[PDB]
Amino acid sequence: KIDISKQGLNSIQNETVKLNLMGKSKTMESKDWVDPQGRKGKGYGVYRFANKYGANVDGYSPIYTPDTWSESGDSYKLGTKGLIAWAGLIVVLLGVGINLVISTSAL
Amino acid sequence: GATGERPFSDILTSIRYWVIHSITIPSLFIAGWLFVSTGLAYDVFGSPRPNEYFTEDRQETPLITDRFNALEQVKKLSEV
Amino acid sequence: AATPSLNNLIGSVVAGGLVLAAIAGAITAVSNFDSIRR
Amino acid sequence: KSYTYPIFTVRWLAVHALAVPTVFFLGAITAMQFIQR
Amino acid sequence: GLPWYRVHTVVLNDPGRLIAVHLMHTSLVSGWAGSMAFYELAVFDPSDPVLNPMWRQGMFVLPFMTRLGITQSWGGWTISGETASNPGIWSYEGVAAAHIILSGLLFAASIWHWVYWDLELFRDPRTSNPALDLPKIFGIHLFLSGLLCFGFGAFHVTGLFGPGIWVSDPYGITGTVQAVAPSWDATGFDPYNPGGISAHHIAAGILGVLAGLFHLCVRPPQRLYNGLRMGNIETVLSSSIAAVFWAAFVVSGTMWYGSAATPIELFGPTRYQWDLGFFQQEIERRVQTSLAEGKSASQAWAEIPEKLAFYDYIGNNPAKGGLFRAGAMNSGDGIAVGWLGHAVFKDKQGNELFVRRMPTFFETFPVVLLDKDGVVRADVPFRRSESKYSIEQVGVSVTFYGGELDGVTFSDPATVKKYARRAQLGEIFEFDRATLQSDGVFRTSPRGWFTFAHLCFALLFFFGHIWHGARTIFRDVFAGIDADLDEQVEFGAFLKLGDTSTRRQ
Amino acid sequence: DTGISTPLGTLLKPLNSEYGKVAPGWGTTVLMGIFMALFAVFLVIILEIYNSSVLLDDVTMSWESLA
Amino acid sequence: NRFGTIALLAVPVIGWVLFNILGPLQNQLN
Amino acid sequence: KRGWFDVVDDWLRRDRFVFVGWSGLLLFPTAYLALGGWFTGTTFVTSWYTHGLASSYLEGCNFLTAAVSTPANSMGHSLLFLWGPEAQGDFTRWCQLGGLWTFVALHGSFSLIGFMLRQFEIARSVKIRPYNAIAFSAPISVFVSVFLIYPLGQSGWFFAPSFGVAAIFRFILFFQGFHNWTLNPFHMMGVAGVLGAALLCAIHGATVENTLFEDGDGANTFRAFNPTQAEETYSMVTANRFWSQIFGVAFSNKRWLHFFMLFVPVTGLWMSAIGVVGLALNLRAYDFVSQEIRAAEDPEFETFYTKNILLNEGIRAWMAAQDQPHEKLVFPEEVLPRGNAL
Amino acid sequence: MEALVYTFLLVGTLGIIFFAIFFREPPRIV
Amino acid sequence: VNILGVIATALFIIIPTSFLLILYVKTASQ
Amino acid sequence: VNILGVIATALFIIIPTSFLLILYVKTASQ
Amino acid sequence: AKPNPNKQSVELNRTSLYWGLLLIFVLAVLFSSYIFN
Amino acid sequence: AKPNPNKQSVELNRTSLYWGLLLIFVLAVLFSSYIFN
Amino acid sequence: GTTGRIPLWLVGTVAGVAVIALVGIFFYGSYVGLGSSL
Ligand code: CLA
Ligand code: CLA
Ligand code: CLA
Ligand SMILES: CCCCCCCCCCCCCCCC(=O)OC[C@H](COP(=O)(O)OC[C@@H](O)CO)OC(=O)CCCCCCCCCCCCCCC
Ligand SMILES: CCCCCCCCCCCCCCCCCC(=O)OC[C@H](COP(=O)(O)O)OC(=O)CCCCCCCCCCCCCCCCC
Ligand SMILES: CC1=C(/C=C/C(C)=C/C=C/C(C)=C/C=C/C=C(C)/C=C/C=C(C)/C=C/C2=C(C)CCCC2(C)C)C(C)(C)CCC1
Ligand SMILES: CC1=C(/C=C/C(C)=C/C=C/C(C)=C/C=C/C=C(C)/C=C/C=C(C)/C=C/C2=C(C)CCCC2(C)C)C(C)(C)CCC1
Ligand SMILES: CC1=C(/C=C/C(C)=C/C=C/C(C)=C/C=C/C=C(C)/C=C/C=C(C)/C=C/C2=C(C)CCCC2(C)C)C(C)(C)CCC1
Ligand SMILES: CC/C=C/C/C=C\C/C=C/CCCCCCCC(=O)O
Ligand SMILES: CC/C=C\C/C=C\C/C=C\CCCCCCCC(=O)O
Ligand SMILES: CCCCCCCCCCCCCCCCCC(=O)O
């Protein structure tokens, strides 16, 4: 019912985090998998009815989907000149603010 | 599960967002500091400064007794 | 005659009407500007 | 695919109405801590 | 089967049996009115209307009968203490008997309407199914209500045909039933002006007749019909419950704060008349007026009515009772029999002292004596090891002016303390705590009981209105939601919430 | 199964004959809203009179108005 | 003048914001 | 959709991050104004001229001791409008006279009305039943009875509660000292309902979490669920058997379980509201007359009820002077009730 | 006189509890 | 102590109890 | 007059009445 | 005339009987202690 | 073990209900007059 | 112009440090100045 590829989780660099966000883990479906305490697995995986219902709750309602992110915002349009102007403005504003705070107080 | 607005995690990790908001938040903080330090807070909302809780006329707590002359009574009680 | 309290009451009624009219006008403006085309 | 989102929305207005006075009041309260009786 | 809380829903779609059950309810209410009137008549003591009024005896429905102009009884007495002259049919007993007979007749009519439920008047002509045309029925009933309101306000209150209503002077000393003329200016909205009642009833009756004609003539809009579910009988129930809890709040506020429709001579003084010095200020003004006329203090204090003194009593204050202190105020304080007199406390040097009166909030109050400038001069100490304002040290004495103890001076410290303890409650009186074996704790008056009961009813009926409105609007999902619903509730599936014709985004 | 016939039921029958008859559209909703607004203003005025939030020359608003 | 100081402080903030966001705002409006 | 109503309804009932709806026009402005009024009163506005205290951060109070104070007792039950015959349009003197309390209360009541209306509207838009909207009636009744009905039956807004932590604590202590509120059967039902609701919440959470089904291979059981699944995620049979053998009785109906969960706290709060409505007219279950008479006749009879009575008398006597400045109570130190050496 | 009523009320409540525990309608798996 | 509390307590115990017993016996018979 | 006669009369009226009502309602339902 | 088509039969199970009895007896305990005074 | 084979159902008709009510109320009249004393 | 995004964990760390510093300032001001009992 749920297509994992259409959930917007295909733009994640870290493979382990990407598998975690879909509620999938290739290791745990193996019949010889043993968790830290030492209990064998029954082959269910993270979720038993993953094939019946498509995916897990993690793969049903994700809260971090880089695919839906806007193509803008990862690069600043104003470039280096904008950053230089911002640096000048922030230095000027910090100086003005500290001067106003000192002057209006009782020294 | 998208209602048609930019994701919050997309906005909060933007150079443009942190360039705009490196000015607005400190500006508001300084504005509040100047509002308190310049004495505007006392005058706008009528709170007593530490040196004007008790006047030379009365040395007890204020008490309002009239409902329709309440404005004039509180004007008289607040006299410095 | 009319006391100052009556004048303030009438002014408050008019101001409430003005607030309702402004809210309704703003809502109508935004609703007409951004509509749903079925 | 390309995703383009509006910049000012109802959520923008709600967030800023809740946030701007909060920062102003926080600055005022921080200034309040250094007053001497 | 039906749960125990859904039993009365069988008559929802049965107009005949709905009429039958409403008739049964009306019969029960009329029977209660008649029986309560008879029970109150069997225990009422009309011997003394000055110090033993109706409210001290704890009568509930009797003041409501007296308010509309009923003052005589078949027993020969009158509510003012005079002798009845030709009581006629409309006495207390006559009204109670009329209510009983009406209850019996309504019982019979209810039986008839329950048995014969299949009248063709209740069928829909175009479908032959039981139905009611609620807008036109509302028009008819609104017209009738307006007619009745106009008739009452024009003939009863004004005295054109009926007797009138109870009107009394501001201090509740001289009050009789009299005709009231309408007041059409801005003074008609004064809650303490009796003419507002008749003016309001005339104007509201005319408007009700006009609105009833409008609702008889004009059909409801289609959008309003669909929105308010005018084809359902439960929306009428929700709206009526809203109206009645609104009215309950209004009447509770009016009774608590006092108005022209709740005389103190019939229901009792309010707490604001005590905590603001109404009767005390009036008494002092009368005393000063007498004193300026070249009379002695005893002569000035001897012309004050005992009723006016009795009104100045925290025992008569209605905010001094308890939730489980049952019975009349006579059952808690005793039957008052006489006014002892005005206790005047004097310092050993001749200066006069005043006892600080006990506020309404406090169940117990300390005894302190103040001078005319408000400075403490004497008290009854709790720690007697060291004392600076003790009555024994100061030497305070009490003298009574007027009343039973006129001219008697007490100087014994124990007696002085005992009389200064009773000066907190106001005017010292003499009570009879043996006839009814009064325990000694203050009770509340019909004012307090009415206000409490109707506030509770108003809150419960607010809940009822909410429940019934929710049930009538959400009627199709009363048994449960649809089997498959996830597509409609999917986030962002449609531009509009719940609209399948705006699928996008 | 038409129902039980009765002279009084026949007399009152035309008063219960139009069940679903409605006026198309919004009808007289605006007039009803105007009357509702006037009622709200009147209620506010009288509530403020009782609350002593408005003071009128002739109106006393006290027990002394019974004089 | 005390409120004028705060208004003068606020003016460059709105100026900077308008300088930064004007383009995308105009794009959204159209 | 062509009409004005239709287009306005199309825009208002839109699918957004924040749902506005038709009830938003009443909810959002009033709720925003109430929140702003509280935050302004607790930060800048004082309480010197109406109570004789300091109730702001500007005067040196923390989160616990800062509050929006009530008007003076002289103002009675006045609604205290900004344009009324008391403030007369002066904002600073309106704040000094205590008009922010009535502002906050009057806007908060309409915000509550708007919130229940919003619950109704959202429930109808999604085509479900309005039981969540029915459940809000208990908080609304509590707010209405405590903040409006009780002051309306008393001297006035001065004896109304104030909006703060320590102010609410003072209100509670006053209710104990003067009304004997702990001895009220309606309050007893209210506290029983609240504690039973907490019990039900904890027990249901634990029972569901400890009867889960094995739908995965990992020790983290939160990831073995899918909201669109058909089968239930825990064993109702096992839960029922466990609680039948441990307690004696147990639930066998999920619908009845969850309706009981809804029913308990609502009934408790409604009973408490009825009790406070009764207390508004000083109709307090304060004393037992038989016990008082027996203790008066016999100087050896003592119970915990008499000790509570003495404690209430002490509370009243020692709090009256400062809590009610309008009464101008001057009490010599030798009339205040007091024990030996304490 | 009232002590008898109090004891009767408490005993009746305890008996109701006992009967509810030991004479319940048994759940049946469908 | 109010001697009228005995009759009130008895009525309040008995009448709802009889109503519930009527309903339950009818249901169990059915 | 024995004030204990009110409770006796009420109990004697009510308990057999409730027993008869239980039996009759069960029979009529059946 | 013809039998009423709105005929329904009430019901009450043992759980409801126990709950009602418990409610009645607990209310009786509390308010009897308060009414005897 | 097996269900009890001695199961019977009681009954009471309207005539019996009326007779029982009448007997109860007449006895109540007589002996209440005699017990109030 | 300037490709890249600020790390979300860095944003969270800075915000947490800021709020902790604010709370610390509030406590210090509770220990000295107005409402410090001395
Ligand atoms: C406490 C909240 C509350 C809630 C959630 C509801 C909810 C509901 N009402 Mg009820 N109602 C209430 C209180 C409430 N009511 C009050 C106090 C009254 C007055 C008696 C009514 C009277 C009433 C009627 C007559 C009807 C309903 C019906 C309904 C249903 C939907 C229609 C509706 O939205 O009406 C709108 C309800 C409102 C409360 C919103 C209006 C907001 C007001 C006008 C604020 C304006 C502010 C004011 C003028 C400021 C100045 C005042 C100042 C001087 C003090 C729904 C069950 C309708 C129905 O469908 O029933 C089946 C219907 O027929 N209600
Ligand atoms: C969203 C709805 C809303 C609602 C329901 C309220 C409700 C309330 N406000 Mg709030 N308020 C709001 C938004 C709202 N406010 C906004 C946006 C602001 C601006 C910041 C304020 C600012 C505010 C202040 C400054 C005060 C209040 C106060 C109050 C009370 C006003 C009493 C009054 O007499 O009203 C007016 C009466 C009415 C009945 C109005 C309805 C009249 C109808 C519409 C008739 C129209 C007819 C008219 C003759 C023609 C006008 C049309 C033409 C002019 C275009 C009431 C509890 C007061 C307070 O709380 O005191 C303690 C007060 O001091 N409010
Ligand atoms: C104006 C009158 C009024 C009327 C005609 C109705 C009518 C109805 N109600 Mg509503 N209701 C009202 C007010 C009213 N209600 C109020 C004020 C509340 C809030 C408490 C409710 C809350 C309410 C609920 C919670 C429910 C209903 C339901 C119903 C339906 C079935 C009732 C039932 O079978 O009870 C049968 C009742 C009993 C077997 C015994 C009840 C005895 C009570 C607890 C005390 C004894 C009462 C006493 C002798 C008389 C009261 C005095 C008077 C001052 C009130 C029926 C349509 C039911 C429903 O919606 O059905 C689908 C339902 O579930 N109502
Ligand atoms: C060794 C054991 C140690 C612990 C012993 C515990 C004993 C207490 C058990 C009480 C059971 C009573 C349940 C009645 C009603 C009953 O029969 O419950 C049984 C009921 C049956 O549920 P179902 O799912 O079968 O209901 C189906 C629906 O159709 C019902 O309409 O289950 C519950 O509601 C559980 C909630 C128990 C709530 C307990 C309330 C607290 C007890 C009050 C104590 C008063 C003391 C007074 C002293 C003077
Ligand atoms: C302190 C004073 C003590 C003396 C006065 C006592 C007053 C109360 C008298 C009645 C006592 C209980 C009578 C029970 C009648 C039914 C018989 C029965 O349970 O058969 C089992 C019955 C066995 O019959 P079978 O099913 O055919 O095998 O088992 C059942 O499941 C039958 C269905 C009914 C179960 C009980 C229903 C609820 C009964 C009332 C619960 C409360 C009773 C009072 C508790 C306090 C007493 C102080
Ligand atoms: C047949 C007939 C007759 C007769 C009749 C009669 C004799 C009647 C009666 C009636 C009656 C005699 C009635 C009564 C009723 C009553 C009621 C209906 C009551 C009720 C009550 C209630 C409901 C209460 C409640 C409560 C309580 C319990 C406590 C507190 C709270 C309350 C208030 C809630 C005649 C010959 C005349 C004519 C012909 C026919
Ligand atoms: C009054 C008034 C008004 C209004 C106003 C407003 C609307 C305002 C607002 C305001 C606001 C809106 C404010 C706010 C504030 C806020 C704040 C001040 C906050 C704070 C916070 C904090 C302090 C935090 C803390 C914390 C932490 C850090 C940790 C964790 C936890 C928590 C979160 C708690 C107007 C003019 C219209 C009219 C007249 C009157
Ligand atoms: C991210 C995140 C977060 C966080 C936050 C925060 C605020 C943090 C912080 C952190 C930190 C802030 C850390 C730190 C650390 C440090 C360390 C670890 C240090 C060490 C040191 C040492 C070891 C030292 C030593 C020494 C000595 C002893 C002697 C002399 C020399 C020296 C100085 C070297 C939150 C929760 C928001 C959310 C989630 C995410
Ligand atoms: C009831 C619906 C909306 C209500 C909003 C009410 C008021 C909005 C704010 C008004 C500010 C005060 C305006 C009138 C002041 C008095 C004017 C005068 O003195 O004449
Ligand atoms: C819809 C309501 C209809 C009618 C009532 C409306 C208004 C009546 C008010 C005033 C008109 C008469 C008074 C005119 C001013 C003179 C006042 C005076 O001299 O006392
Ligand atoms: C159908 C209803 C029955 C009608 C009953 C009519 C009789 C009721 C009144 C009986 C007593 C009337 C006179 C009372 C005289 C006793 C003196 C007194 O009232 O204190």
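Just one of the numbered conditions (1) in contact (Cβ under 8 Å) with a residue 40 or more places away in the chain; (2) under 18 Å from F:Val59 (Cα atoms) is not true of E:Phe150: (2).
Taking H:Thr238 as the residue in question, decide whether it is β-branched (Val, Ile, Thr) and within 14 Å of chain I (Cβ to nearest Cβ). When the stated conditions are applied, H:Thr238 passes them.
Residues in the stretch E:473-504 that are more than 7 Å from chain H (Cβ to nearest Cβ), under 20 Å from H:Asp6 (Cα atoms) and part of a loop (DSSP other than H, G, I, E, B): E:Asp499, E:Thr500, E:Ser501, E:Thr502, E:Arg504.
Just to be sure, is E:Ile140 closer than 22 Å to E:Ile264 by Cα and of a type in the set (A, V, I, L, M)? No: the conditions fail for E:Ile140. Examine the stretch A:24-47 for a residue that is closer than 30 Å to E:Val489 by Cβ and within 14 Å of chain N (Cβ to nearest Cβ), and state whether such a residue exists. No, because not a single residue in the stretch A:24-47 is closer than 30 Å to E:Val489 by Cβ and within 14 Å of chain N (Cβ to nearest Cβ). When the stretch B:1-18 is filtered for residues that are assigned to a loop (DSSP other than H, G, I, E, B), at the interface with chain D (Cβ under 9 Å from one of its Cβ atoms) and either within 18 Å of A:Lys77 (Cβ to Cβ) or within 30 Å of the chain's Cα centre (by Cα) (or both), only B:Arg6 remains. Taking the listed residues E:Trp74, E:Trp55, the one that is of a type in the set (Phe, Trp, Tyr), part of a helix (DSSP H, G or I) and more than 16 Å from ligand 5 (Cβ to nearest atom) is E:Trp55, with no other qualifying. Among the candidates F:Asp1, F:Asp58, the residue that is in contact with an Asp or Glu (Cβ under 9 Å, 6 or more places away or on another chain), within 30 Å of E:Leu121 (Cβ to Cβ) and away from ligand 11 (no atom under 16 Å from the Cβ) is uniquely F:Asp1.
A:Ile63 - would you say it is assigned to a loop (DSSP other than H, G, I, E, B) and either surrounded by 16 or more Cβ atoms within 10 Å (Cβ to Cβ) or not hydrophobic (A, V, I, L, M, F, W, C) (or both)? No; evaluated as a whole, the condition is false for this residue. Which of the residues belonging to the stretch E:355-383 are in a strand (DSSP E or B), more than 7 Å from chain H (Cβ to nearest Cβ) and among the aliphatic types (A, V, I, L, M)? Correct list: E:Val355, E:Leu369, E:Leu370, E:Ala378. Inside chain C, residues that are part of a loop (DSSP other than H, G, I, E, B) and loosely packed, with under 10 Cβ neighbours inside 10 Å make up a count of 2. Annotation: E:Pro446 fulfils all but one of (1) crowded, with 17+ Cβ neighbours inside 10 Å; (2) within 16 Å of ligand 1 (Cβ to nearest atom); the unmet one is (2). Per the listing E:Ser73, E:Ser128, the residue uniquely surrounded by fewer than 19 Cβ atoms within 10 Å (Cβ to Cβ) and either in contact (Cβ under 8 Å) with a residue 24 or more places away in the chain or within 16 Å of ligand 3 (Cβ to nearest atom) (or both) is E:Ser73. Do we have any residue at all in the stretch H:68-84 that's polar (S, T, N, Q), within 13 Å of ligand 7 (Cβ to nearest atom) and at the interface with another protein chain (Cβ under 7 Å from one of its Cβ atoms)? Looking for residues that are polar (S, T, N, Q), within 13 Å of ligand 7 (Cβ to nearest atom) and at the interface with another protein chain (Cβ under 7 Å from one of its Cβ atoms), one finds none in the stretch H:68-84, hence no. Just so you know, in the stretch H:161-215 the residues that are within 14 Å of another protein chain (Cβ to nearest Cβ) and part of a loop (DSSP other than H, G, I, E, B) include one that is surrounded by the fewest Cβ atoms within 10 Å (Cβ to Cβ), and it is H:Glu214. Considering each residue of the stretch A:49-59 in turn, none proves to be more than 23 Å from H:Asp217 (Cα to Cα), part of a helix (DSSP H, G or I) and within 25 Å of the chain's Cα centre (by Cα).
Please state which one of E:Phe38, E:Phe44, E:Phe60 is more than 14 Å from chain L (Cβ to nearest Cβ), hydrophobic (A, V, I, L, M, F, W, C) and more than 16 Å from ligand 11 (Cβ to nearest atom). Residue meeting the stated conditions: E:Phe60. Candidates are the residues of the stretch L:4-33 that are surrounded by fewer than 17 Cβ atoms within 10 Å (Cβ to Cβ) and of a type in the set (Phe, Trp, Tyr); the one that is nearest to ligand 5 (Cβ to nearest atom) is L:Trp19.
Just so you know, in the stretch F:25-67 the residues that are within 10 Å of chain E (Cβ to nearest Cβ), touching a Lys or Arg at 6+ places or on another chain (Cβ under 9 Å) and in a loop (DSSP other than H, G, I, E, B) include one that is surrounded by the most Cβ atoms within 10 Å (Cβ to Cβ), and it is F:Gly27.
If I filter chain L down to residues being among the basic types (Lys, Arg) and closer than 30 Å to E:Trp112 by Cβ, which single residue comes out as nearest to ligand 11 (Cβ to nearest atom)?
Among them, the one singled out is L:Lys7.
Would you call H:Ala224 surrounded by 15 or more Cβ atoms within 10 Å (Cβ to Cβ), of a type outside the set (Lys, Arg) and in contact (Cβ under 8 Å) with a residue 60 or more places away in the chain? Criteria not met by H:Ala224. The set of residues in the stretch E:371-404 being more than 45 Å from the chain's Cα centre (by Cα) and surrounded by fewer than 17 Cβ atoms within 10 Å (Cβ to Cβ) consists of E:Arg384, E:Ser385, E:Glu386, E:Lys388, E:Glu392, E:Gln393, E:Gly395. Here H:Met236, H:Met271, H:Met261 are screened, and the one residue that is out of contact with any strand residue (DSSP E or B) (no Cβ under 8 Å at 6 or more places or on another chain) and either free of Cβ contacts under 8 Å to residues at least 40 places away in the same chain or basic (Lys, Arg) (or both) is H:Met236. The number of residues in the stretch H:305-342 being outside any helix (DSSP H, G or I), within 7 Å of another protein chain (Cβ to nearest Cβ), out of contact with any strand residue (DSSP E or B) (no Cβ under 8 Å at 6 or more places or on another chain) and not charged (D, E, K, R) comes to 2.
Of everything in the stretch H:292-304 that is of a type in the set (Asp, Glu) and not in a helix (DSSP H, G or I), the residue that is nearest to H:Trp48 (Cα to Cα) is H:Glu302. Evaluated against (1) within 12 Å of chain E (Cβ to nearest Cβ); (2) assigned to a helix (DSSP H, G or I); (3) more than 30 Å from E:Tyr257 (Cα to Cα); (4) more than 16 Å from ligand 3 (Cβ to nearest atom), H:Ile128 falls short on exactly one condition, (2).
Backbone-built Cβ (ideal geometry, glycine too); neighbour counts: all protein chains shown. Only the coordinates and a few stated rules stand behind these numbers; no lab work does.
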